[PDB]
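K.L.:
Experimental structure and sequence below.
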Amino acid sequence: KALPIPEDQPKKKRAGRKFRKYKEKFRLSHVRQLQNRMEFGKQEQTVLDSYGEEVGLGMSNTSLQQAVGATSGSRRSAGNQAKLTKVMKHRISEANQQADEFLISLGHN
Amino acid sequence: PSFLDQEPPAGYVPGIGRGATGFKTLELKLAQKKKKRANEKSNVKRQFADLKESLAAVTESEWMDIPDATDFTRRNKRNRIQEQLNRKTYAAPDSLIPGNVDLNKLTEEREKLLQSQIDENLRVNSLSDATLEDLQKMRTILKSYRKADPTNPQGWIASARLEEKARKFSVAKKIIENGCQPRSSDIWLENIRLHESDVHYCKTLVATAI
Amino acid sequence: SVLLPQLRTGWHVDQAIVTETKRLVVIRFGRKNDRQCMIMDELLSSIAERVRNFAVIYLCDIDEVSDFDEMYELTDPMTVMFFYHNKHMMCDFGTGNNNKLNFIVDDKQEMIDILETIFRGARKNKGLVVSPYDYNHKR
Amino acid sequence: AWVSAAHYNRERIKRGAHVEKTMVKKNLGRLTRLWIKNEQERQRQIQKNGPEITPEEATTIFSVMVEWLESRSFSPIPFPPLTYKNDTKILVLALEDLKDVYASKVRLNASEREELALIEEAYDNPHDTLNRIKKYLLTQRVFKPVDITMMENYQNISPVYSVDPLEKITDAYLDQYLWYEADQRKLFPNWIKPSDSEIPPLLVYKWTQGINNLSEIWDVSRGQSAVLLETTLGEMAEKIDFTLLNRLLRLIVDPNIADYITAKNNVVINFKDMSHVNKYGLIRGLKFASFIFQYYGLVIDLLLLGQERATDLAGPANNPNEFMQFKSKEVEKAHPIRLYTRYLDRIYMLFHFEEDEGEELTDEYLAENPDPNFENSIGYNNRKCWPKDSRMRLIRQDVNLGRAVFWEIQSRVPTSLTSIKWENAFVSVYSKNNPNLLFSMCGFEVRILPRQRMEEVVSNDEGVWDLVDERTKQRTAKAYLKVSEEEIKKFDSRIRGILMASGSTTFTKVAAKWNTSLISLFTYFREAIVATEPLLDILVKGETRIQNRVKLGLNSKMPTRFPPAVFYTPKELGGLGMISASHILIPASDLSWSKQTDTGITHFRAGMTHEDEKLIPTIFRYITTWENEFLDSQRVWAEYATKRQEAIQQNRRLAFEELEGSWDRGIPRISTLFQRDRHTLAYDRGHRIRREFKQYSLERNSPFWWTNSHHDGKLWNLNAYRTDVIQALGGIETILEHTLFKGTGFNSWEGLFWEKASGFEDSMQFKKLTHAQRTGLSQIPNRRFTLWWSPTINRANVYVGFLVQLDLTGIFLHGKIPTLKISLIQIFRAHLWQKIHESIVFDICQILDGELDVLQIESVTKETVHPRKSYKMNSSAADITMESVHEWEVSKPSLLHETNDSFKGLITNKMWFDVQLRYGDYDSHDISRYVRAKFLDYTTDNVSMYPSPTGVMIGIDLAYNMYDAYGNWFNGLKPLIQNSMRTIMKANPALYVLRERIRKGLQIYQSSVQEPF
RNA sequence: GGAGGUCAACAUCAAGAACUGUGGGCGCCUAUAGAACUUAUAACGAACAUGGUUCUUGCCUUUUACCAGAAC
RNA sequence: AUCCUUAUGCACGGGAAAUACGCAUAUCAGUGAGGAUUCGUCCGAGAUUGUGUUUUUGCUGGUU
RNA sequence: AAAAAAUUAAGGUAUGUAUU
Ligand SMILES: *OP(=O)(O)OP(=O)(O)OC[C@H]1O[C@@H](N2CN(C)c3c2[nH]c(N(C)C)nc3=O)[C@H](O)[C@@H]1O
């Protein structure tokens, strides 16, 4: 089965309310862009990862939040939030529903 | 591949037609010399060859009726599923910047929720400490605030308290003493708690507000 | 190997370059017995199907047709030479000869990128392209 | 061919011989296929022959546990009740420990997202998820197939098991429950230990101190001896057999769980096309696996010691002993075994013999294995590491004790459980004949000498510890350390991995690896690295290998030198930031730095100060030795205890101000006492074991497996190193000269930021792209690191070779440098180089053309330009021609910012100008010399065309924004041109094209407010 | 016939005892080929250079360059 | 005549998802697809196989 | 009257149109 072609196709645009909502998954949000800013001539804030490798979180805090080390809630973009696949979504609910039946038995027995 | 079939040229040179661009006694003696040197100076097939003779027997009908394309691992199906699984990616959510998590908020926030459900049924140690340059920034701003009001100790205790969290010790304890200079109760209250450690000093501080 | 067809006269070479308007024409110049001209003959044959939509492949032997030896200057076991609209294409693999190809490429994937790169750059009339991976060290 | 060639290449890569990038990738696959074939063969033959444990064998095993638990008075662990106090605390722990894998990621794999979403729902519906878990523990006994992948450590190819995520959550919950309840009921005694309280190198300290403290081990006055054992229990997990396992778990737990644990290990394991059910072994990819391994180890270790001795080591259930102690000296001296520990597999046993007891054990072995040829010492394993003087001596008396003692212990443990062989076991003896007691814990090789027998030759070492008896309080022994010959070969392989794994990565990613790997290595082995000669040699070799990788990408040919500033400047100033272990010369020629002020152009060189030269500081200072840390903690902890007493004694709580003095001190560290989440971390237990077993569940090399910084705190601070390295290269100023920073046009660097190239690569992978597009975008972060350091990399000194010119520019290239040919060719497009010249010419006309009057000038005429003049170098011609009302008073040709000017020298007519454009290197960024030399050559050059022999060249550096002019002077020029050039260079449109066009290439920016307007 | 031929062509080329095969002459003798053992590789040349392969040391992991050991 | 129930069709208004939705001169399939089990029994419709698109389908508007 | 050398080379081709 054959690779399509490497020729480029003119870029098409649309964006409604609906298509913004879907795309929001696939773009680095605001807060996440500020990690790509590295402020020059001074060391990054880094927090070590579970693994212990340090994760630089660049400008994601304001220079007054560094010095007090507050960290910033800022604005949290709900749009990307991870959500279940279709297959997986019922297997949880179905498991849960079946489980409730089980508990009742022990409730009455 | 239609041309592949045809077989005939004009009596034609290859380079020219396309429009191409490029980007005897001694001999005899040499040959003789070479000869004067030649004079002086597989396994796999053997292993198999013996089988190949074995084949000769097989009939032409059987050669035809040979099954043609048998897959036994279902490679195609697995490969397609793998491509589908690996296609796109996704961006990781913004809850995941590593700074925020405190367990104690987390358990208290949760356990309560769990309890409610039941009823219905019925700083980070990772983080690097403040850089000197950045801390300096804070100091300037707080100094400006303090200068803006020589009164209003609300800006005085902040310079003690904000400073205290970031650094504390020598600095804050000197400021809380400086801005203490009579009326405000709040400054006095602040001063004793940070400054006091020792009882005599605490007492002396108390003699201030009183 | 029997997958990929062979070109038995220099007149089969030239028509084959002309008649394919829309795709690369890739040719391996080298002779059956060679150690390295057998290896490439594999790495191409595996790839030829995947790429049928933008590239066409053929096989030629220096001994079968020696007409082309001086003009393109062919030395060593084999040379891979890319053609699009009769225009000899050209790429720098970091190896120090921008014409053709010599060394044996290692992965199937890194071979498909090079074909794809050449085609894409070529489509725009560009005469040089850059191989993303530069095997000067390799060869 | 396929099988043999697969083994043959593997040993080649074990060696560090170079086999190419592609082969190493394929070889892992082939080895994984062979290992799975062997696993499939191991299991098919346990169908035929049945379980190997034999009923008679089993009773002996099972009986030991039954007595132990009853002796110890052990209540079994119940089933987790529907209403349970800690369900919250144990979910949060368990889910966050599943969560933290994804905390480093900007982007998620499609599966990763599924698991992430699943945890969220767990927090959102805690009541609902707990019930689901409980019901699956009660009933689900069929599970979804597990998948296998293989790590390559380049040495040991290991399995990695990926489970399904709904089943992960019960397993995590279950694992957390079992560890919390287990250690709350005191199942596992002192001696099983990759335990919570101690970091592995702290454990090695405790063990050697415990060895010292036991009374009179040292005195060989009366034929006494002593022995250690190190035995890999061999296949353990791979031999665990279930029909026994179910029974043993029933013993310590309620069946409903035990049944689940036994069932979860069947599964059906897929690797690509192959599939086999796991009947026999234990799968170690499951969360509770850690607990099972410790329980099976506790079976084995009641065989070795026996109940009689094991109660001596452990102690009564009312007052269990600390790690190495007993109650009385009498209880110590009862049995030959004195100390015992087990770390996962490996066992350590110390034995104390006296000839009376000693001769017996020797003789019995001899009788049952007679050796007339004295062949015992053929197959005996020394520690290779140490010199002949220090190893094990091979003497008949002692070589028989080792083989006697080991042969005793093979006898205790039946071959069904495990496989203990001689080969994998090392034995040491301390007797009259052998002064040295040798063992390896973790990857430490230790020897001990007592001060008693020191006389046999010694040289002190960096790793030395002095060991103190609690009574004498003196120094009766010493300890030398060395890094095991394993853990050195891990490193060598891991570094090759960096250079192998990357066909294309950045320069920054590579030097980011080499930090993490080196930093792990130093922190673990602190003292020892300085004592190991081959390891040190590799570190020096490693660093250059990385550098050579960098250099080859930058240019094919290789340079005589690359300044040390490139590699060792920190990430922010635009360097790789890589740390250094080695000696590196910062040549004093490269410290030179020049700045411009409206007064003039000042230079700085500290080269003329002749003292010790400047060297790039190295890690060996910055990390304190392991000794000092424990020596502090004892005192630190005591101080803390005292302080705790003191506040409540006054009815007051501890103030930070007291302990603000010591935070970073003490191995747990004080900070963790005052961490906010400490309240709920007390329910997370067995954490040290999990981290060791995170190997198996997932594919990342986790160089820090020996710490949770949540429990331990932060164990090293390399902040001090960052500043020091900047200072060694001479401050930010000396650095930036080597950069294009001055050709950006910024005055100062306070408000500036970089746009990182890491996340830059992310925005480009959210589009649909082919592979060839996809690789093309991984090079872009390399192309920025050339410009920013382009002025040093392009110089005559570095690349020798022959100069060439960009086709419409005055920039020369020493090499090919394929990525700096491109970036420059864009930075000047549409004949930008010419335009700059013309703009500057315009400025000087419209400066002078207005000023005909004041300077008394009869004409100002900007001449024709042969289009190619601007960029070509060798010959020049005049541009702007000046005239006079009468004539002029010239001076001695001189430089702009000079003061002393006398015009009496000549009286002559008319003037010309050249505005000359240079883009300089680091070698000469001073135009002063250049301008004057060019002027002199041009005035006296025959080919050069000038109206008069009176003129003023104007040199300009586009690179550093430097300017100067060497003039023939008249009243009202110097005071004019100086004021003009300030407004010329800080205005023109042609320059403001470059300086904006360049600061795209570097992706430097300015900001005040981030928040979108 | 003889010496010498800075003339060529064609064969061989360390020595020795012992085994097998072929040919010639009257079991013996002579010649040629193969295998084994010894001498010391007393040297066909009191001289000694380059290259290929396979291994082992250094390497930019590249050469129409090499470092210095091994065997063929 | 009002009222009420189920199915199907067009439809205002409100949500969720596109790793999802289909297609086949193609194999079987309540004459039992595919699962669960406390081991006594219990649910009952799709599973293979090849393929098309899937960070997007059509359509407008601004600003340069 | 205190001291300079003993290391070499390829991996460096701008397309593209027009004229010959
Ligand atoms: O609505 P309309 O008056 O047009 O109905 P029709 O004229 O079509 O005629 C006869 C049908 O009337 C219905 N009715 C009318 N009434 C008053 C009535 C009807 N049906 C019942 N039941 C059968 C319970 N009860 C009534 O009081 C019927 O459909 C007649 O067929």
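P.N.:
Received, thanks. Residues are numbered from 1 along each chain as shown, chains lettered A, B, ... in the order given.
K.L.:
residues in contact with whatever residue of the stretch 601-750 of chain D ends up closest to chain B?
P.N.:
In the stretch 601-750 of chain D, the residue that lies nearest chain B is residue D:677 (3.6 Å; C-beta to the nearest C-beta). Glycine gets a C-beta too; all of them are placed from N, C-alpha and C. The neighbourhood of residue D:677, defined by C-beta atoms under 8 Å, 6 or more residues apart in numbering or on different chains, consists of B:102-104, D:710.
K.L.:
Is there proximity between whichever strand or helix holds residue B:158 and chain A?
P.N.:
Using DSSP states H and E, residue B:158 maps to helix B:154-166. Yes - judged by C-beta under 8 Å from any C-beta of the partner chain, helix B:154-166 and chain A are in contact via B:162, B:165-166.
K.L.:
ok, so of those, who is nearest residue A:102?
P.N.:
Using C-beta to C-beta, residue B:165 comes nearest to residue A:102 of those, at 50.6 Å.
K.L.:
Okay, that closest one and chain C: tell me how far apart.
P.N.:
51 Å (C-beta to the nearest C-beta, to the nearest Å).
K.L.:
Pretty sure that residue sits against residue A:68.
P.N.:
Yes - with contact defined as C-beta atoms under 8 Å, residue B:165 reaches residue A:68; the gap is 5.6 Å.
K.L.:
does any part of stretch D:530-548 sit near RNA strand E?
P.N.:
Yes - Stretch D:530-548 reaches RNA strand E (C-beta under 7 Å from any atom of the strand) through D:541, D:544, D:548.
K.L.:
how about that stretch: buried residues?
P.N.:
Going by neighbour count (16 or more other C-beta atoms under 10 Å in any protein chain shown), the buried part of stretch D:530-548 is D:530-532, D:535-536, D:538-539, D:542-543, D:546-547.
K.L.:
Now compare the residues you listed and name the two farthest from each other.
P.N.:
Using C-beta to C-beta, the buried residues of stretch D:530-548 span at most 26.3 Å, a distance reached by D:531 and D:547.
K.L.:
Tell me the most packed of the residues of helix B:154-166 next to chain A, by neighbour count.
P.N.:
Ranked by neighbour count (other C-beta atoms under 10 Å in any protein chain shown), those have residue B:166 at the top, with 21 neighbours.
K.L.:
show me what contacts the residue positioned nearest the centre of chain B?
P.N.:
Chain B has residue B:92 as the residue nearest its centroid, 11.4 Å off, counting by C-alpha atoms, centre = their mean. By C-beta under 8 Å, 6+ apart, the residues touching residue B:92 are A:80, A:82, D:102, D:105-108, D:116.
K.L.:
Buried among the residues you listed? Need that as a selection in ChimeraX.
P.N.:
Of the contacts of residue B:92, the buried ones go into a single ChimeraX selection, burial set by 16+ other C-beta under 10 Å:
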select /A:80,82 /D:102,106,107,108,116
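K.L.:
near chain B, from the contacts of residue B:92?
P.N.:
A:80, A:82, D:102, D:105-108, D:116.
K.L.:
In helices, which of those fall?
P.N.:
Judged by DSSP state H, those include residue D:116 as members of helices.
K.L.:
Please dump the ones next to chain B among the contacts of residue B:92 into a markdown table; it should also carry distance to residue B:2 for every row.
P.N.:
Formatted as a markdown table, the ones next to chain B among the contacts of residue B:92 follow (distance: C-beta to C-beta, whole Å):
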| residue | distance to residue B:2 |
| --- | --- |
| A:80 | 55 |
| A:82 | 55 |
| D:102 | 57 |
| D:105 | 54 |
| D:106 | 53 |
| D:107 | 49 |
| D:108 | 51 |
| D:116 | 57 |
